[PDB]
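Notes follow once the structure below has been shown.
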Amino acid sequence: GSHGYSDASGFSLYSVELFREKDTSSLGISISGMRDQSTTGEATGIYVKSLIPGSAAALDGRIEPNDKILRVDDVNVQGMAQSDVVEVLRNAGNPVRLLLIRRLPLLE
């Protein structure tokens, strides 16, 4: 893999290590779809906006709000329905890896 994007216009690839070993039937990832009514390059996409306190993702710490999910452990969500992505997380039941992109700020 050559994909890095280390500090570029405020875009960098971030990956966290989570594990599904709780009967919570969830990792604490709350995604939501966007409502686009005009074309401008970007459209729709799965991204996290909220979290479930007490879950793996939440208790992890590295999992912060405002993030765009890209690919799950050996899985890709760049073309699956919201509900579909949820089923995957439930099918995990094992230590899964998260691949999401996060925008960095530029002060001065």
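Following the order of the structure tokens, chains are lettered A, B, ..., residues in each are numbered from 1, and ligands are numbered from 1.
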**Message:** What parts of chain A does DSSP call strand (DSSP E or B)? I'd like the answer as JSON, numbers by chain.
**Reply:** {"A": [12, 13, 14, 15, 16, 17, 18, 19, 29, 30, 31, 32, 47, 48, 49, 50, 51, 67, 68, 69, 70, 71, 72, 75, 76, 95, 96, 97, 98, 99, 100, 101, 102]}
**Request:** Pick out the residues sitting within 8 Å of region 54-57 of chain A, and hand them over as a list in words; count only C-alpha atoms, and ignore anything fewer than 2 positions along from it in its own chain.
**Result:**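 Near neighbours after the sequence-gap exclusion: residues 18, 19, 20, 24, 26, 27, 28, 29, 51, 52, 59, 60, 61, 62 and 63 of chain A.
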Contacts of region 6-66 of chain A with region 84-106 of chain A up to 8 Å, shortest pair per row, only C-alpha atoms, as JSON lines:
{"residue": "A:7", "atom": "CA", "partner": "A:104", "partner_atom": "CA", "distance": 7.7}
{"residue": "A:10", "atom": "CA", "partner": "A:104", "partner_atom": "CA", "distance": 4.5}
{"residue": "A:11", "atom": "CA", "partner": "A:103", "partner_atom": "CA", "distance": 4.7}
{"residue": "A:12", "atom": "CA", "partner": "A:102", "partner_atom": "CA", "distance": 6.0}
{"residue": "A:13", "atom": "CA", "partner": "A:101", "partner_atom": "CA", "distance": 4.7}
{"residue": "A:14", "atom": "CA", "partner": "A:101", "partner_atom": "CA", "distance": 5.6}
{"residue": "A:15", "atom": "CA", "partner": "A:99", "partner_atom": "CA", "distance": 4.6}
{"residue": "A:16", "atom": "CA", "partner": "A:98", "partner_atom": "CA", "distance": 5.3}
{"residue": "A:17", "atom": "CA", "partner": "A:97", "partner_atom": "CA", "distance": 5.0}
{"residue": "A:18", "atom": "CA", "partner": "A:96", "partner_atom": "CA", "distance": 5.5}
{"residue": "A:19", "atom": "CA", "partner": "A:95", "partner_atom": "CA", "distance": 3.6}
{"residue": "A:20", "atom": "CA", "partner": "A:93", "partner_atom": "CA", "distance": 4.6}
{"residue": "A:21", "atom": "CA", "partner": "A:93", "partner_atom": "CA", "distance": 5.7}
{"residue": "A:22", "atom": "CA", "partner": "A:93", "partner_atom": "CA", "distance": 7.9}
{"residue": "A:25", "atom": "CA", "partner": "A:90", "partner_atom": "CA", "distance": 5.9}
{"residue": "A:26", "atom": "CA", "partner": "A:90", "partner_atom": "CA", "distance": 6.3}
{"residue": "A:27", "atom": "CA", "partner": "A:89", "partner_atom": "CA", "distance": 7.3}
{"residue": "A:66", "atom": "CA", "partner": "A:102", "partner_atom": "CA", "distance": 7.7}
Emit the selected residues as an mmCIF file, in the first residue's frame, including N, CA, C and O atoms.
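Written output follows (out-v6.cif):
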data_model
loop_
_atom_site.group_PDB
_atom_site.id
_atom_site.type_symbol
_atom_site.label_atom_id
_atom_site.label_comp_id
_atom_site.auth_asym_id
_atom_site.auth_seq_id
_atom_site.Cartn_x
_atom_site.Cartn_y
_atom_site.Cartn_z
ATOM 1 N N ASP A 7 -0.810 14.621 5.950
ATOM 2 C CA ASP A 7 -0.931 16.075 5.986
ATOM 3 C C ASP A 7 -0.974 16.655 4.576
ATOM 4 O O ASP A 7 0.056 17.040 4.019
ATOM 5 N N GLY A 10 -5.321 19.218 4.625
ATOM 6 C CA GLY A 10 -6.187 18.873 5.737
ATOM 7 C C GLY A 10 -6.890 17.543 5.542
ATOM 8 O O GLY A 10 -8.067 17.403 5.866
ATOM 9 N N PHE A 11 -6.164 16.566 5.006
ATOM 10 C CA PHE A 11 -6.722 15.237 4.770
ATOM 11 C C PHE A 11 -5.676 14.159 5.026
ATOM 12 O O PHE A 11 -4.632 14.124 4.374
ATOM 13 N N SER A 12 -5.961 13.279 5.980
ATOM 14 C CA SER A 12 -5.042 12.200 6.323
ATOM 15 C C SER A 12 -5.805 10.928 6.675
ATOM 16 O O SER A 12 -6.883 10.979 7.269
ATOM 17 N N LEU A 13 -5.234 9.786 6.300
ATOM 18 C CA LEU A 13 -5.851 8.495 6.574
ATOM 19 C C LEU A 13 -5.584 8.063 8.010
ATOM 20 O O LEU A 13 -4.438 8.041 8.459
ATOM 21 N N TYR A 14 -6.647 7.719 8.725
ATOM 22 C CA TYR A 14 -6.530 7.287 10.111
ATOM 23 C C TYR A 14 -7.168 5.915 10.310
ATOM 24 O O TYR A 14 -8.243 5.637 9.777
ATOM 25 N N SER A 15 -6.498 5.058 11.074
ATOM 26 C CA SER A 15 -6.997 3.713 11.332
ATOM 27 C C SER A 15 -6.926 3.376 12.818
ATOM 28 O O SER A 15 -5.902 3.592 13.465
ATOM 29 N N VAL A 16 -8.022 2.846 13.351
ATOM 30 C CA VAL A 16 -8.089 2.474 14.760
ATOM 31 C C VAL A 16 -8.332 0.976 14.912
ATOM 32 O O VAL A 16 -8.844 0.327 13.999
ATOM 33 N N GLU A 17 -7.965 0.429 16.068
ATOM 34 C CA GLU A 17 -8.140 -0.997 16.328
ATOM 35 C C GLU A 17 -9.235 -1.242 17.364
ATOM 36 O O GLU A 17 -9.066 -0.936 18.545
ATOM 37 N N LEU A 18 -10.357 -1.794 16.912
ATOM 38 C CA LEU A 18 -11.480 -2.091 17.795
ATOM 39 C C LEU A 18 -11.766 -3.588 17.803
ATOM 40 O O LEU A 18 -11.262 -4.326 16.957
ATOM 41 N N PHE A 19 -12.569 -4.038 18.760
ATOM 42 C CA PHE A 19 -12.902 -5.454 18.861
ATOM 43 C C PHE A 19 -14.340 -5.662 19.325
ATOM 44 O O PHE A 19 -14.788 -5.043 20.291
ATOM 45 N N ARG A 20 -15.060 -6.535 18.625
ATOM 46 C CA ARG A 20 -16.445 -6.839 18.973
ATOM 47 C C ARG A 20 -16.511 -8.113 19.811
ATOM 48 O O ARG A 20 -16.547 -9.218 19.273
ATOM 49 N N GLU A 21 -16.527 -7.951 21.131
ATOM 50 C CA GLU A 21 -16.578 -9.093 22.039
ATOM 51 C C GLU A 21 -17.675 -8.919 23.082
ATOM 52 O O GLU A 21 -17.760 -9.687 24.040
ATOM 53 N N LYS A 22 -18.515 -7.909 22.887
ATOM 54 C CA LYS A 22 -19.605 -7.636 23.815
ATOM 55 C C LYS A 22 -20.952 -7.953 23.178
ATOM 56 O O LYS A 22 -21.112 -7.867 21.959
ATOM 57 N N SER A 25 -24.274 -5.897 20.710
ATOM 58 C CA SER A 25 -24.760 -5.969 19.335
ATOM 59 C C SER A 25 -24.384 -4.715 18.551
ATOM 60 O O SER A 25 -24.989 -4.414 17.521
ATOM 61 N N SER A 26 -23.380 -3.992 19.040
ATOM 62 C CA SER A 26 -22.927 -2.770 18.382
ATOM 63 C C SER A 26 -21.555 -2.347 18.895
ATOM 64 O O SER A 26 -21.138 -2.737 19.985
ATOM 65 N N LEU A 27 -20.855 -1.545 18.099
ATOM 66 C CA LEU A 27 -19.529 -1.062 18.468
ATOM 67 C C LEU A 27 -19.599 0.384 18.949
ATOM 68 O O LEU A 27 -18.639 0.907 19.509
ATOM 69 N N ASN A 66 -17.427 13.385 13.820
ATOM 70 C CA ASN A 66 -17.075 14.037 12.562
ATOM 71 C C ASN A 66 -15.973 13.274 11.833
ATOM 72 O O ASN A 66 -14.818 13.700 11.809
#
**Message:** Just the number, please: distance in Å from CA of residue 82 (chain A) to CA of residue 46 (chain A), one decimal.
**Reply:**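 Separation between CA of residue 82 (chain A) and CA of residue 46 (chain A): 7.0 Å.
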**Prompt:** If we count only C-alpha atoms, what is near region 31-35 of chain A at a cut-off of 6 Å, once residues fewer than 3 positions away on the same chain are taken out, given as a list in words?
**Reply:**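 Listed by chain and then number, they are residues 44, 47, 48 and 49 of chain A.
Residue-level DSSP output for chain A, from the backbone, shows helix (DSSP H, G or I) at residues 56, 57, 58, 59, 60, 82, 83, 84, 85, 86, 87, 88, 89, 90, 91 and 92 of chain A.
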**Message:** Please report the interatomic distance between CA of residue 80 (chain A) and CA of residue 43 (chain A) in Å with one decimal.
**Reply:**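 One can read the CA of residue 80 (chain A) to CA of residue 43 (chain A) distance as 14.1 Å.
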